[PDB]
Structures are given as structure tokens and as C-alpha cells.
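Peer 1: Data: query-v8.tsv, TSV, N, CA and C atoms.
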```
chain	number	residue	atom	x	y	z
A	1	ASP	N	-13.41	132.88	-15.95
A	1	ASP	CA	-12.57	132.63	-14.79
A	1	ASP	C	-11.56	131.54	-15.11
A	2	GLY	N	-10.67	131.27	-14.16
A	2	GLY	CA	-9.65	130.26	-14.32
A	2	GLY	C	-10.22	128.85	-14.33
A	3	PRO	N	-9.54	127.93	-15.03
A	3	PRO	CA	-10.00	126.53	-15.04
A	3	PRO	C	-9.93	125.86	-13.69
A	4	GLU	N	-8.94	126.22	-12.87
A	4	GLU	CA	-8.79	125.59	-11.56
A	4	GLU	C	-10.02	125.83	-10.69
A	5	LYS	N	-10.67	126.99	-10.86
A	5	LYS	CA	-11.90	127.25	-10.12
A	5	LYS	C	-12.94	126.19	-10.39
A	6	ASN	N	-13.22	125.93	-11.67
A	6	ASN	CA	-14.19	124.90	-12.03
A	6	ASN	C	-13.73	123.54	-11.56
A	7	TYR	N	-12.42	123.28	-11.59
A	7	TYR	CA	-11.89	122.00	-11.11
A	7	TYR	C	-12.24	121.79	-9.64
A	8	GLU	N	-11.94	122.77	-8.80
A	8	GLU	CA	-12.23	122.65	-7.37
A	8	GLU	C	-13.73	122.56	-7.12
A	9	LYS	N	-14.51	123.36	-7.86
A	9	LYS	CA	-15.96	123.31	-7.71
A	9	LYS	C	-16.50	121.93	-8.05
A	10	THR	N	-16.00	121.33	-9.13
A	10	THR	CA	-16.40	119.98	-9.50
A	10	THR	C	-16.05	118.98	-8.41
A	11	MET	N	-14.85	119.10	-7.84
A	11	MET	CA	-14.47	118.21	-6.74
A	11	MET	C	-15.45	118.33	-5.58
A	12	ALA	N	-15.77	119.56	-5.18
A	12	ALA	CA	-16.69	119.77	-4.06
A	12	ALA	C	-18.06	119.19	-4.36
A	13	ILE	N	-18.58	119.45	-5.56
A	13	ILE	CA	-19.91	118.96	-5.94
A	13	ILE	C	-19.94	117.44	-5.92
A	14	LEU	N	-18.89	116.82	-6.46
A	14	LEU	CA	-18.80	115.36	-6.46
A	14	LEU	C	-18.82	114.82	-5.04
A	15	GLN	N	-18.04	115.43	-4.14
A	15	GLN	CA	-18.02	114.95	-2.76
A	15	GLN	C	-19.41	115.05	-2.13
A	16	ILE	N	-20.07	116.19	-2.30
A	16	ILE	CA	-21.39	116.39	-1.71
A	16	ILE	C	-22.38	115.35	-2.22
A	17	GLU	N	-22.42	115.17	-3.55
A	17	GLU	CA	-23.38	114.23	-4.13
A	17	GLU	C	-23.09	112.80	-3.70
A	18	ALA	N	-21.82	112.41	-3.67
A	18	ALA	CA	-21.48	111.05	-3.26
A	18	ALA	C	-21.87	110.80	-1.81
A	19	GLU	N	-21.60	111.78	-0.93
A	19	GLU	CA	-22.01	111.63	0.46
A	19	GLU	C	-23.53	111.51	0.57
A	20	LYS	N	-24.26	112.29	-0.23
A	20	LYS	CA	-25.71	112.17	-0.25
A	20	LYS	C	-26.14	110.76	-0.65
A	21	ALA	N	-25.52	110.20	-1.69
A	21	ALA	CA	-25.88	108.85	-2.12
A	21	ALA	C	-25.60	107.82	-1.03
A	22	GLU	N	-24.44	107.93	-0.39
A	22	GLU	CA	-24.11	107.04	0.71
A	22	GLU	C	-25.16	107.13	1.81
A	23	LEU	N	-25.54	108.35	2.17
A	23	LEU	CA	-26.53	108.54	3.22
A	23	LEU	C	-27.88	107.97	2.82
A	24	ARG	N	-28.27	108.12	1.56
A	24	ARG	CA	-29.55	107.58	1.11
A	24	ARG	C	-29.58	106.06	1.22
A	25	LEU	N	-28.53	105.39	0.73
A	25	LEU	CA	-28.48	103.94	0.85
A	25	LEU	C	-28.45	103.51	2.31
A	26	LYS	N	-27.68	104.22	3.13
A	26	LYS	CA	-27.61	103.95	4.56
A	26	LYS	C	-28.99	104.07	5.19
A	27	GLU	N	-29.73	105.12	4.84
A	27	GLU	CA	-31.07	105.32	5.37
A	27	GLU	C	-31.99	104.17	4.98
A	28	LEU	N	-31.92	103.74	3.72
A	28	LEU	CA	-32.76	102.63	3.30
A	28	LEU	C	-32.46	101.37	4.11
A	29	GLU	N	-31.18	101.07	4.31
A	29	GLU	CA	-30.82	99.88	5.09
A	29	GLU	C	-31.30	100.01	6.53
A	30	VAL	N	-31.08	101.18	7.15
A	30	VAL	CA	-31.49	101.39	8.53
A	30	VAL	C	-32.99	101.25	8.67
A	31	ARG	N	-33.74	101.82	7.73
A	31	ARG	CA	-35.20	101.72	7.76
A	31	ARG	C	-35.65	100.27	7.67
A	32	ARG	N	-35.04	99.50	6.76
A	32	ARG	CA	-35.42	98.09	6.65
A	32	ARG	C	-35.15	97.35	7.96
A	33	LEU	N	-33.98	97.58	8.55
A	33	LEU	CA	-33.65	96.90	9.80
A	33	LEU	C	-34.62	97.28	10.91
A	34	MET	N	-34.91	98.57	11.05
A	34	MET	CA	-35.82	99.02	12.10
A	34	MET	C	-37.22	98.45	11.90
A	35	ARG	N	-37.70	98.42	10.66
A	35	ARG	CA	-39.04	97.91	10.40
A	35	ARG	C	-39.12	96.40	10.50
A	36	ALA	N	-37.98	95.70	10.41
A	36	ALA	CA	-37.98	94.26	10.56
A	36	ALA	C	-37.68	93.82	11.99
A	37	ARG	N	-37.18	94.71	12.84
A	37	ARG	CA	-36.85	94.34	14.21
A	37	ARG	C	-37.59	95.15	15.27
A	38	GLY	N	-38.00	96.38	14.97
A	38	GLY	CA	-38.60	97.23	15.98
A	38	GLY	C	-37.67	97.54	17.13
A	39	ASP	N	-36.36	97.55	16.89
A	39	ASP	CA	-35.38	97.83	17.92
A	39	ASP	C	-34.83	99.25	17.83
A	40	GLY	N	-35.43	100.09	17.00
A	40	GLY	CA	-35.01	101.46	16.87
A	40	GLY	C	-36.14	102.43	17.13
A	41	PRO	N	-35.83	103.72	17.19
A	41	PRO	CA	-36.87	104.72	17.46
A	41	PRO	C	-37.97	104.75	16.41
A	42	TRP	N	-37.70	104.31	15.19
A	42	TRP	CA	-38.72	104.30	14.15
A	42	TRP	C	-39.56	103.03	14.23
A	43	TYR	N	-40.77	103.11	13.67
A	43	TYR	CA	-41.68	101.97	13.58
A	43	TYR	C	-41.98	101.37	14.96
A	44	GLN	N	-42.15	102.24	15.96
A	44	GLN	CA	-42.51	101.79	17.30
A	44	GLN	C	-44.03	101.87	17.44
A	45	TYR	N	-44.69	100.81	16.98
A	45	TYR	CA	-46.14	100.76	17.05
A	45	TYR	C	-46.60	100.75	18.50
A	46	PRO	N	-47.67	101.46	18.83
A	46	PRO	CA	-48.06	101.61	20.24
A	46	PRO	C	-48.51	100.29	20.86
A	47	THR	N	-48.27	100.18	22.17
A	47	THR	CA	-48.75	99.06	22.96
A	47	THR	C	-49.50	99.60	24.17
A	48	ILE	N	-50.22	98.70	24.85
A	48	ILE	CA	-51.01	99.11	26.00
A	48	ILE	C	-50.11	99.66	27.09
A	49	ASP	N	-50.51	100.79	27.67
A	49	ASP	CA	-49.77	101.39	28.77
A	49	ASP	C	-50.04	100.63	30.06
A	50	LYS	N	-48.97	100.29	30.78
A	50	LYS	CA	-49.12	99.58	32.05
A	50	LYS	C	-49.71	100.45	33.15
A	51	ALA	N	-49.71	101.77	32.97
A	51	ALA	CA	-50.26	102.65	33.99
A	51	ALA	C	-51.76	102.42	34.19
A	52	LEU	N	-52.45	102.00	33.13
A	52	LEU	CA	-53.89	101.78	33.23
A	52	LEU	C	-54.23	100.65	34.20
A	53	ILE	N	-53.38	99.63	34.26
A	53	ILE	CA	-53.63	98.49	35.14
A	53	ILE	C	-53.77	98.96	36.58
A	54	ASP	N	-54.78	98.44	37.27
A	54	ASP	CA	-55.02	98.73	38.67
A	54	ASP	C	-54.59	97.53	39.51
A	55	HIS	N	-53.69	97.77	40.47
A	55	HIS	CA	-53.19	96.73	41.35
A	55	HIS	C	-53.82	96.79	42.74
A	56	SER	N	-54.88	97.58	42.91
A	56	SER	CA	-55.56	97.66	44.19
A	56	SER	C	-56.22	96.32	44.50
A	57	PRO	N	-56.36	95.98	45.79
A	57	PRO	CA	-57.03	94.72	46.15
A	57	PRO	C	-58.41	94.57	45.53
A	58	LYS	N	-58.61	93.46	44.82
A	58	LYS	CA	-59.85	93.19	44.11
A	58	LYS	C	-60.89	92.59	45.04
A	59	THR	N	-61.95	92.01	44.49
A	59	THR	CA	-62.94	91.33	45.32
A	59	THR	C	-62.55	89.89	45.60
A	60	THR	N	-62.17	89.13	44.56
A	60	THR	CA	-61.80	87.73	44.70
A	60	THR	C	-60.30	87.60	44.91
A	61	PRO	N	-59.85	86.83	45.91
A	61	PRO	CA	-58.41	86.78	46.21
A	61	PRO	C	-57.55	86.33	45.04
A	62	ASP	N	-58.03	85.37	44.24
A	62	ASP	CA	-57.24	84.89	43.11
A	62	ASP	C	-57.42	85.77	41.89
A	63	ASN	N	-57.42	87.09	42.10
A	63	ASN	CA	-57.56	88.09	41.04
A	63	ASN	C	-58.62	87.74	40.01
B	1	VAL	N	-77.98	80.07	61.22
B	1	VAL	CA	-77.19	79.90	62.43
B	1	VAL	C	-75.92	80.74	62.36
B	2	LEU	N	-75.23	80.69	61.22
B	2	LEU	CA	-74.02	81.49	61.05
B	2	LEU	C	-74.33	82.98	61.13
B	3	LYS	N	-75.40	83.42	60.47
B	3	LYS	CA	-75.73	84.84	60.46
B	3	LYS	C	-76.07	85.35	61.85
B	4	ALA	N	-76.76	84.53	62.65
B	4	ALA	CA	-77.11	84.94	64.00
B	4	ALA	C	-75.87	85.21	64.84
B	5	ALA	N	-74.85	84.36	64.72
B	5	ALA	CA	-73.60	84.52	65.45
B	5	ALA	C	-72.51	85.16	64.61
B	6	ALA	N	-72.87	85.76	63.47
B	6	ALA	CA	-71.86	86.31	62.57
B	6	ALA	C	-71.05	87.41	63.24
B	7	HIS	N	-71.72	88.38	63.86
B	7	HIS	CA	-71.02	89.52	64.45
B	7	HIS	C	-70.05	89.07	65.54
B	8	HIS	N	-70.51	88.20	66.44
B	8	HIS	CA	-69.63	87.70	67.49
B	8	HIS	C	-68.51	86.84	66.92
B	9	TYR	N	-68.82	86.03	65.90
B	9	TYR	CA	-67.79	85.19	65.29
B	9	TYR	C	-66.66	86.03	64.72
B	10	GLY	N	-66.99	87.12	64.03
B	10	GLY	CA	-65.95	88.00	63.52
B	10	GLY	C	-65.12	88.62	64.62
B	11	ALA	N	-65.77	89.05	65.70
B	11	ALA	CA	-65.04	89.68	66.80
B	11	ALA	C	-64.12	88.69	67.50
B	12	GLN	N	-64.62	87.49	67.81
B	12	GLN	CA	-63.82	86.53	68.55
B	12	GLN	C	-62.72	85.93	67.69
B	13	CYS	N	-63.06	85.54	66.46
B	13	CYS	CA	-62.13	84.85	65.56
B	13	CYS	C	-61.51	85.80	64.55
B	14	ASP	N	-61.28	87.05	64.94
B	14	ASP	CA	-60.75	88.04	64.01
B	14	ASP	C	-59.35	87.66	63.53
B	15	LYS	N	-58.44	87.38	64.46
B	15	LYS	CA	-57.05	87.14	64.09
B	15	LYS	C	-56.88	85.97	63.13
B	16	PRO	N	-57.39	84.76	63.43
B	16	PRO	CA	-57.22	83.66	62.46
B	16	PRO	C	-57.87	83.94	61.12
B	17	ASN	N	-59.05	84.57	61.11
B	17	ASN	CA	-59.71	84.88	59.85
B	17	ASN	C	-58.91	85.89	59.04
B	18	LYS	N	-58.43	86.95	59.69
B	18	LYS	CA	-57.67	87.98	58.99
B	18	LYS	C	-56.37	87.41	58.42
B	19	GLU	N	-55.70	86.54	59.18
B	19	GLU	CA	-54.47	85.93	58.68
B	19	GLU	C	-54.73	85.12	57.42
B	20	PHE	N	-55.81	84.34	57.41
B	20	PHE	CA	-56.14	83.55	56.23
B	20	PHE	C	-56.46	84.44	55.03
B	21	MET	N	-57.20	85.52	55.25
B	21	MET	CA	-57.51	86.44	54.17
B	21	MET	C	-56.25	87.07	53.60
B	22	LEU	N	-55.32	87.47	54.47
B	22	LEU	CA	-54.05	88.01	54.01
B	22	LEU	C	-53.29	86.99	53.18
B	23	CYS	N	-53.28	85.73	53.61
B	23	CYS	CA	-52.58	84.68	52.87
B	23	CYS	C	-53.16	84.53	51.47
B	24	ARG	N	-54.48	84.37	51.37
B	24	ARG	CA	-55.11	84.20	50.06
B	24	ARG	C	-54.97	85.44	49.20
B	25	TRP	N	-54.82	86.61	49.81
B	25	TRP	CA	-54.68	87.86	49.08
B	25	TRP	C	-53.24	88.21	48.77
B	26	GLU	N	-52.28	87.42	49.23
B	26	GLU	CA	-50.88	87.57	48.87
B	26	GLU	C	-50.35	86.39	48.07
B	27	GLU	N	-50.56	85.17	48.56
B	27	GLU	CA	-50.14	84.00	47.80
B	27	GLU	C	-50.96	83.84	46.53
B	28	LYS	N	-52.23	84.25	46.56
B	28	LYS	CA	-53.13	84.19	45.41
B	28	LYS	C	-53.24	82.77	44.85
B	29	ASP	N	-53.20	81.79	45.74
B	29	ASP	CA	-53.34	80.39	45.36
B	29	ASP	C	-53.95	79.60	46.51
B	30	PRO	N	-55.08	78.93	46.29
B	30	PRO	CA	-55.71	78.16	47.37
B	30	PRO	C	-54.86	77.02	47.87
B	31	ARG	N	-53.88	76.57	47.09
B	31	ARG	CA	-53.03	75.45	47.46
B	31	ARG	C	-51.88	75.84	48.37
B	32	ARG	N	-51.76	77.13	48.71
B	32	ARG	CA	-50.72	77.59	49.61
B	32	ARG	C	-51.25	78.00	50.98
B	33	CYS	N	-52.55	78.27	51.09
B	33	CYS	CA	-53.16	78.69	52.35
B	33	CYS	C	-54.16	77.67	52.87
B	34	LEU	N	-54.01	76.40	52.51
B	34	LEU	CA	-54.92	75.37	53.00
B	34	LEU	C	-54.88	75.27	54.52
B	35	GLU	N	-53.68	75.28	55.09
B	35	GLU	CA	-53.55	75.15	56.54
B	35	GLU	C	-54.21	76.32	57.26
B	36	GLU	N	-54.04	77.54	56.74
B	36	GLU	CA	-54.71	78.69	57.33
B	36	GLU	C	-56.22	78.52	57.31
B	37	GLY	N	-56.75	77.95	56.23
B	37	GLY	CA	-58.18	77.66	56.19
B	37	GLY	C	-58.61	76.70	57.27
B	38	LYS	N	-57.77	75.71	57.57
B	38	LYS	CA	-58.08	74.77	58.65
B	38	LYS	C	-58.20	75.49	59.98
B	39	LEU	N	-57.27	76.39	60.28
B	39	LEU	CA	-57.30	77.11	61.55
B	39	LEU	C	-58.56	77.94	61.68
B	40	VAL	N	-59.01	78.55	60.58
B	40	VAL	CA	-60.26	79.32	60.60
B	40	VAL	C	-61.43	78.42	60.99
B	41	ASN	N	-61.53	77.25	60.37
B	41	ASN	CA	-62.61	76.32	60.70
B	41	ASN	C	-62.53	75.87	62.15
B	42	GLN	N	-61.33	75.50	62.61
B	42	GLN	CA	-61.16	75.05	63.98
B	42	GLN	C	-61.53	76.15	64.97
B	43	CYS	N	-61.06	77.38	64.72
B	43	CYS	CA	-61.40	78.49	65.61
B	43	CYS	C	-62.89	78.80	65.55
B	44	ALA	N	-63.50	78.67	64.36
B	44	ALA	CA	-64.94	78.84	64.25
B	44	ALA	C	-65.68	77.80	65.08
B	45	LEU	N	-65.23	76.54	65.03
B	45	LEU	CA	-65.85	75.50	65.83
B	45	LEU	C	-65.75	75.81	67.32
B	46	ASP	N	-64.57	76.25	67.76
B	46	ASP	CA	-64.40	76.61	69.17
B	46	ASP	C	-65.35	77.73	69.57
B	47	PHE	N	-65.53	78.71	68.68
B	47	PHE	CA	-66.46	79.81	68.94
B	47	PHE	C	-67.87	79.29	69.22
B	48	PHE	N	-68.35	78.37	68.38
B	48	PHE	CA	-69.68	77.80	68.59
B	48	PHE	C	-69.70	76.86	69.80
B	49	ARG	N	-68.58	76.20	70.09
B	49	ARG	CA	-68.52	75.32	71.26
B	49	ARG	C	-68.77	76.10	72.54
B	50	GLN	N	-68.19	77.29	72.65
B	50	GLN	CA	-68.43	78.14	73.81
B	50	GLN	C	-69.90	78.53	73.91
```
Output the file's structure in the form of C-alpha cells.
Peer 2:
Amino acid sequence: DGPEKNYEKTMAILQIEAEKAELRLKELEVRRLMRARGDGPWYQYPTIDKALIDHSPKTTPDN
Amino acid sequence: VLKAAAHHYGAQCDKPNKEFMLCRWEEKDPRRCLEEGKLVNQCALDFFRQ
């Protein structure tokens, strides 16, 4: 085939791979931030559900 | 003595007693319903005075 075909194919492959590398580094940074802050959807370790708490009148007035 | 007159005491002194219970069950602090406790004692004394 023509050389220009391989030229364009190389350009496309380079773009795809470079974008993949950018995304991988971005993912690593995002993961570190989320695991160090817990401010993202990832690494949300469970906590006690407030629904379990009962607010009905107890026996002793001072709870 | 209290138990003998317990039923009548509750009936006669219902309002002051219930108010104090509501206070302690909402304020949840003995230092905010002290005056209500006084009224309960005073009304209880009046009940026995009669």
C-alpha cells in the first residue's frame, strides 16, 4: 500500500496511546487524592446508618 | 403514705406534674426545669393539706 496510509495510521496510534498514558497518570493522581481525602465516590468506607437510631421517648428524661 | 394517696395525687395534680415531665423530656437538663419541679412539690403539698 501507499506510504501515506502507514503515516496516518502511525499518527492515529500515537494519539490513542498518548491519550491512554495521560488517562492512566490522571487516574493514579485522582485515586491518591480520593484515598487521602475521602471526598470522592471511591474509598467511601462505611459508617453507621443514622436510621438505626431510635428517637422515641426513652425511660429516663436525660436520655 | 405516698402510695396510699398516689392515685388521687395523680388525678388532682395532673397538670403541674405533666408540665414538669414535658419540660424534663424536652429540655433534657435538670438545670432548666428546676422551677417546674418546685411547682410539683408545692401542688403535692397542697394535695396532702386538703
Peer 1: Residues of chain B within 12 Å of chain A, using only C-alpha atoms, as an MDAnalysis selection string?
Peer 2: chainID B and resid 20:33
Peer 1: Find the distance between atom N of residue 41 in chain B and atom C of residue 15 in chain B and write it in Å to one decimal.
Peer 2: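 Result for atom N of residue 41 in chain B versus atom C of residue 15 in chain B: 10.3 Å, one decimal.
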Peer 1: At what distance in Å, to one decimal, does atom C of residue 17 in chain A lie from atom N of residue 35 in chain A?
Peer 2: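 Spanning atom N of residue 35 in chain A to atom C of residue 17 in chain A is a straight-line distance of 25.0 Å.
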Peer 1: Work out how far apart CA of residue 36 in chain B and CA of residue 11 in chain B are and give it in Å to one decimal.
Peer 2: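 Between these atoms lies a distance of 17.8 Å.
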Peer 1: Write down as a ChimeraX atom specification the residues belonging to chain B that are assigned helix (DSSP H, G or I) by DSSP computed on the backbone.
Peer 2: /B:6-12,14-26,34-49
Peer 1: I need the chosen residues saved as a tab-separated table (two decimals), in the frame of the given file, with N, CA and C atoms.
Peer 2:
```
chain	number	residue	atom	x	y	z
B	6	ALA	N	-72.87	85.76	63.47
B	6	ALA	CA	-71.86	86.31	62.57
B	6	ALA	C	-71.05	87.41	63.24
B	7	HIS	N	-71.72	88.38	63.86
B	7	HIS	CA	-71.02	89.52	64.45
B	7	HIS	C	-70.05	89.07	65.54
B	8	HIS	N	-70.51	88.20	66.44
B	8	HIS	CA	-69.63	87.70	67.49
B	8	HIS	C	-68.51	86.84	66.92
B	9	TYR	N	-68.82	86.03	65.90
B	9	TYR	CA	-67.79	85.19	65.29
B	9	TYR	C	-66.66	86.03	64.72
B	10	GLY	N	-66.99	87.12	64.03
B	10	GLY	CA	-65.95	88.00	63.52
B	10	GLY	C	-65.12	88.62	64.62
B	11	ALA	N	-65.77	89.05	65.70
B	11	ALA	CA	-65.04	89.68	66.80
B	11	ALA	C	-64.12	88.69	67.50
B	12	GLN	N	-64.62	87.49	67.81
B	12	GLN	CA	-63.82	86.53	68.55
B	12	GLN	C	-62.72	85.93	67.69
B	14	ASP	N	-61.28	87.05	64.94
B	14	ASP	CA	-60.75	88.04	64.01
B	14	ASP	C	-59.35	87.66	63.53
B	15	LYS	N	-58.44	87.38	64.46
B	15	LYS	CA	-57.05	87.14	64.09
B	15	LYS	C	-56.88	85.97	63.13
B	16	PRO	N	-57.39	84.76	63.43
B	16	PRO	CA	-57.22	83.66	62.46
B	16	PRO	C	-57.87	83.94	61.12
B	17	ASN	N	-59.05	84.57	61.11
B	17	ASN	CA	-59.71	84.88	59.85
B	17	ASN	C	-58.91	85.89	59.04
B	18	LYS	N	-58.43	86.95	59.69
B	18	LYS	CA	-57.67	87.98	58.99
B	18	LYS	C	-56.37	87.41	58.42
B	19	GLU	N	-55.70	86.54	59.18
B	19	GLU	CA	-54.47	85.93	58.68
B	19	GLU	C	-54.73	85.12	57.42
B	20	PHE	N	-55.81	84.34	57.41
B	20	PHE	CA	-56.14	83.55	56.23
B	20	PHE	C	-56.46	84.44	55.03
B	21	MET	N	-57.20	85.52	55.25
B	21	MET	CA	-57.51	86.44	54.17
B	21	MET	C	-56.25	87.07	53.60
B	22	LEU	N	-55.32	87.47	54.47
B	22	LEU	CA	-54.05	88.01	54.01
B	22	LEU	C	-53.29	86.99	53.18
B	23	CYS	N	-53.28	85.73	53.61
B	23	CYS	CA	-52.58	84.68	52.87
B	23	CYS	C	-53.16	84.53	51.47
B	24	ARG	N	-54.48	84.37	51.37
B	24	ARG	CA	-55.11	84.20	50.06
B	24	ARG	C	-54.97	85.44	49.20
B	25	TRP	N	-54.82	86.61	49.81
B	25	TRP	CA	-54.68	87.86	49.08
B	25	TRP	C	-53.24	88.21	48.77
B	26	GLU	N	-52.28	87.42	49.23
B	26	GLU	CA	-50.88	87.57	48.87
B	26	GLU	C	-50.35	86.39	48.07
B	34	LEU	N	-54.01	76.40	52.51
B	34	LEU	CA	-54.92	75.37	53.00
B	34	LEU	C	-54.88	75.27	54.52
B	35	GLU	N	-53.68	75.28	55.09
B	35	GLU	CA	-53.55	75.15	56.54
B	35	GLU	C	-54.21	76.32	57.26
B	36	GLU	N	-54.04	77.54	56.74
B	36	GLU	CA	-54.71	78.69	57.33
B	36	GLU	C	-56.22	78.52	57.31
B	37	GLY	N	-56.75	77.95	56.23
B	37	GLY	CA	-58.18	77.66	56.19
B	37	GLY	C	-58.61	76.70	57.27
B	38	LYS	N	-57.77	75.71	57.57
B	38	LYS	CA	-58.08	74.77	58.65
B	38	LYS	C	-58.20	75.49	59.98
B	39	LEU	N	-57.27	76.39	60.28
B	39	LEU	CA	-57.30	77.11	61.55
B	39	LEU	C	-58.56	77.94	61.68
B	40	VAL	N	-59.01	78.55	60.58
B	40	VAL	CA	-60.26	79.32	60.60
B	40	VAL	C	-61.43	78.42	60.99
B	41	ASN	N	-61.53	77.25	60.37
B	41	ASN	CA	-62.61	76.32	60.70
B	41	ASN	C	-62.53	75.87	62.15
B	42	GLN	N	-61.33	75.50	62.61
B	42	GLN	CA	-61.16	75.05	63.98
B	42	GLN	C	-61.53	76.15	64.97
B	43	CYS	N	-61.06	77.38	64.72
B	43	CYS	CA	-61.40	78.49	65.61
B	43	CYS	C	-62.89	78.80	65.55
B	44	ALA	N	-63.50	78.67	64.36
B	44	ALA	CA	-64.94	78.84	64.25
B	44	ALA	C	-65.68	77.80	65.08
B	45	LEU	N	-65.23	76.54	65.03
B	45	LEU	CA	-65.85	75.50	65.83
B	45	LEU	C	-65.75	75.81	67.32
B	46	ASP	N	-64.57	76.25	67.76
B	46	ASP	CA	-64.40	76.61	69.17
B	46	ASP	C	-65.35	77.73	69.57
B	47	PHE	N	-65.53	78.71	68.68
B	47	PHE	CA	-66.46	79.81	68.94
B	47	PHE	C	-67.87	79.29	69.22
B	48	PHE	N	-68.35	78.37	68.38
B	48	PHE	CA	-69.68	77.80	68.59
B	48	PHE	C	-69.70	76.86	69.80
B	49	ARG	N	-68.58	76.20	70.09
B	49	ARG	CA	-68.52	75.32	71.26
B	49	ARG	C	-68.77	76.10	72.54
```
